[PDB]
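In the order they appear, the protein sequences are chains A, A', A'', B, B' and B''. A prime marks a further copy of an entry chain. To convert a position in the first sequence, counted from 1, into the authors' numbering, add 4. To convert a position in the second sequence, counted from 1, into the authors' numbering, add 4. To convert a position in the third sequence, counted from 1, into the authors' numbering, add 4. With the authors' numbering, letter number 52 in the fourth sequence gets 52, and the count goes up by one each step, no holes. With the authors' numbering, letter number 7 in the fifth sequence gets 7, and the count goes up by one each step, no holes. With the authors' numbering, letter number 56 in the sixth sequence gets 56, and the count goes up by one each step, no holes. First up is the structure itself, then whatever we jot down about it.
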Amino acid sequence: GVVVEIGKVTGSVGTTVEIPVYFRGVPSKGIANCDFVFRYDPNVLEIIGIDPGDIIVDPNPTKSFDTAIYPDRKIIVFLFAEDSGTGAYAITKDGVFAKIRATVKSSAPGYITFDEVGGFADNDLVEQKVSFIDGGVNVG
Amino acid sequence: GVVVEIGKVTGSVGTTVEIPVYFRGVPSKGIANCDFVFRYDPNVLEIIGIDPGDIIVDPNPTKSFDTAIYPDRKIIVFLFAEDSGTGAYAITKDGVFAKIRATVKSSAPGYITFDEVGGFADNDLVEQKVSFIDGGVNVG
Amino acid sequence: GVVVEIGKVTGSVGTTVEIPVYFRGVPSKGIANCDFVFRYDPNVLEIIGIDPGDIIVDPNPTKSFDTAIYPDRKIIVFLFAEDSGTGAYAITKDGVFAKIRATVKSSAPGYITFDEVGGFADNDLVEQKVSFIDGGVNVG
Amino acid sequence: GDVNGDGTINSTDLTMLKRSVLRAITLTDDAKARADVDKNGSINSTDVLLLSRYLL
Amino acid sequence: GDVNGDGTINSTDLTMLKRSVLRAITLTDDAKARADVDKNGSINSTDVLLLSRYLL
Amino acid sequence: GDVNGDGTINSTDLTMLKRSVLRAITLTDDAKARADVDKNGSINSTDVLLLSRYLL
Ligand SMILES: [Ca+2]
Ligand SMILES: [Ca+2]
Ligand SMILES: [Ca+2]
Ligand SMILES: [Ca+2]
Ligand SMILES: [Ca+2]
Ligand SMILES: [Ca+2]
Ligand SMILES: [Cl-]
Ligand SMILES: [Cl-]
Ligand SMILES: [Cl-]
């Protein structure tokens, strides 16, 4: 089915790095909506923002794509639901779904791991099979 | 005055059980509104829902009765306020106020205990004397 | 620049005391808006309310002044933004900005310390330099 | 009755009050005073009943 | 669709639903049932899509 | 100014912004950018003042 890949990057303490979230194996009907939660360590990584990738084609991306960061709860949340009304702004190709901007606070491994998945449906509102690969910063 | 009884039930691990909340000694003027908080252990019991009992007579029970479950805060909250506008949907007889649906996660005692009470008034908006008996699952 | 002084008071266990928050060195253009967070120990002090001081001149003080108390998060928050629309309700003189009402729960030092500051601007919307002095109850 | 303090008493106030009693949200110190309909120092189901009756 | 249960389905419901999925807020047990647009026992992005399309 | 992003700037936006600064609620990442009225990278009382003046 669909494979969601949390990227693996390296960076120095005090620098801000970008951790890509990849969508692999996007079906022919596409992906009209999805939501999922990732876990992280706020003592290791300070996540300052999340941006939509190029596979989100909505000219007003905030209408279809939104996120939230909770350091006290040690989680980040993604919400995608294409806002065309017709299925026009659905994800149809593989690539970067989102980019996590994080400032490295310590040399320890900064794991960004899959926690929970909600909906993940195509344009026919059929829920797709999905699997997650964990990643993060300095985890190799 | 009024006695609120948290029921005591037994059940196997992996099964979903129902824990009744009883209202005893309901006054002649009835009970137009009430709110209270119960404490529980989320590691022992997974509370998946709370339903109104038969002593709530509102044909649209959600208008008069609402609840909330907070596993991270280890509490459940009850809010009753009869929605007729005249006192018609007030509780007038003894019996089951609410049913707590919980899935047993472990063999340890699953205490559901009284934490806090707010309002508890009759149809004349007079606050009634109220006492609580603790219960739960596998607590005997 | 501007100095914010958390007052230092003494009181017996079981009594409610008032901890003044002073604004010192108020500029000539005044203070049109400010927000900041203070830290405290809920086991030592039970903060039951925060009132605006006499340096807030808004005849409807709640329109310009608001606060919040979070015992579970061990913080209190202040929000001032003069509501005249012209700069008329800005703070123009030194004195008591706010009064923290707290009931002393234990004999231990009850520190009320500066945690975070947001905006702190004059009537020309210029952000002012500001410093904080920590205080509390029975901290001497 | 005017929980949020926007100048109008409507369904939005009751929703905020009910969610507050159910502990879903916290109210600010100013809002707490306005949510205390019967002014007895507590925000509970009695306030909920009174506000809902006022709107109905 | 009527998340808050005020009798009208509008933008306020979608905002509450989206914030719930993003875990910014919690919904009450009554609201949870009404937020479950497709009635599959979960409140997620599929409900968000359906409600947003209904309003549009 | 449009905190919730419903297309209209009204009292609901100011209430959300004020509650955010008072730390009663959290805003989503999209809402955070729109709540940043003066676009200085922080959401505070200066944004509150500017939005309240805009509505008045
Ligand atoms: Ca109002
Ligand atoms: Ca009250
Ligand atoms: Ca509604
Ligand atoms: Ca659903
Ligand atoms: Ca708006
Ligand atoms: Ca700003
Ligand atoms: Cl709310
Ligand atoms: Cl909301
Ligand atoms: Cl809000």
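Don't be surprised by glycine CBs; every beta carbon is placed ideally from N, CA and C.
Distance cut-off 7 Å: residue i Cβ against heavy atoms of ligand 5
i                       : result
B'':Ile9                : yes
residue 60 of chain B'' : What is shown of chain B'' runs 1 to 56, which leaves residue 60 of chain B'' out entirely.
Contact test: residue i Cβ vs ligand 4 heavy atom, cutoff 7 Å
i         : result
A'':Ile10 : no
B':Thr46  : yes
Boundaries of the beta strand (DSSP E) in which residue i is found, first to last residue
i         : result
B':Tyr54  : Not the beta strand (DSSP E): B':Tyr54 falls in the alpha helix (DSSP H), residues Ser45 to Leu55.
A':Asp39  : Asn37 to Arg43
B'':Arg34 : Element bounds for B'':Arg34: not the beta strand (DSSP E) but the alpha helix (DSSP H), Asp29 to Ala35.
A':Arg28  : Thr20 to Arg28
A':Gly139 : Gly139 to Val141
A':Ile10  : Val6 to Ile10
Residue i beta carbon near ligand 9 (any heavy atom closer than 7 Å)
i          : result
B'':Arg19  : yes
A'':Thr107 : no
Three-way DSSP call (helix, strand, coil) for residue i in this model
i         : result
B:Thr8    : coil
A'':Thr14 : coil
B:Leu22   : coil
Proximity test, residue i beta-carbon vs ligand 7 heavy atom, cut-off 7 Å
i       : result
B:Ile25 : yes
B:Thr15 : yes
Counterpart residues of residue i in DSSP-defined beta bridges
i          : result
A:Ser110   : The partner list for A:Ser110 (beta bridge, DSSP) is empty, contrary to what the question assumes.
A':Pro75   : In DSSP, A':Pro75 forms no bridge with anything.
A:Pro56    : A:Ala102
A'':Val134 : A'':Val6
A'':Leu49  : A'':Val108
A'':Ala125 : A'':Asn37 and A'':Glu131
A':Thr117  : A':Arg43
A:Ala85    : A:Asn37
First through last residue of the alpha helix (DSSP H) which encompasses residue i
i         : result
A'':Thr66 : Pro65 to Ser68
Ligand 2 heavy atom lying under 7 Å from the CB of residue i
i          : result
B':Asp6    : no
B:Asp36    : yes
A'':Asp119 : no
B:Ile43    : yes
A'':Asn47  : no
A':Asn37   : no
A:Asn64    : no
B:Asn40    : yes
beta-carbon residue i near ligand 1 non-hydrogen atom, thresh 7 Å
i         : result
B'':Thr12 : no
Residue i beta carbon near ligand 6 (any heavy atom closer than 7 Å)
i          : result
A:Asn127   : no
A'':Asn142 : no
**Near-chain B residues of the region 25-47 of chain A' - C-beta to any C-beta below 8 Å** = So the close ones are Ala36, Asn37, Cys38, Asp39 and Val41.
**Prompt:** Taking any Cβ of chain A', which residues in the region 4-30 of chain B have a Cβ under 7 Å from it, in chain order?
**Reply:** Hits within the stretch, in order: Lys18, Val21, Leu22, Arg23 and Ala24.
**Item:** Under 7 Å (Cβ pairs) to chain A', residues found in the region 41-56 of chain B
**Value:** Under the 7 Å Cβ criterion, the region 41-56 of chain B contributes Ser42, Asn44, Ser45, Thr46, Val48, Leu49, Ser52, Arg53 and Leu56.
**Prompt:** Which residues, taken in chain order from the region 68-98 of chain A, show a beta carbon closer than 9 Å to some beta carbon of chain B''?
**Reply:** Answer set for the region 68-98 of chain A: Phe69, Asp70, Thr71, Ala72, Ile73, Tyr74, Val81 and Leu83.
**Request:** Could you please tell me which residues of the region 46-67 of chain A', in chain order, have their CB closer than 7 Å to any CB of chain B'?
**Result:** Along the region 46-67 of chain A', going in chain order, the ones with a CB nearer than 7 Å to a CB of chain B' are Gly53, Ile54 and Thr66.
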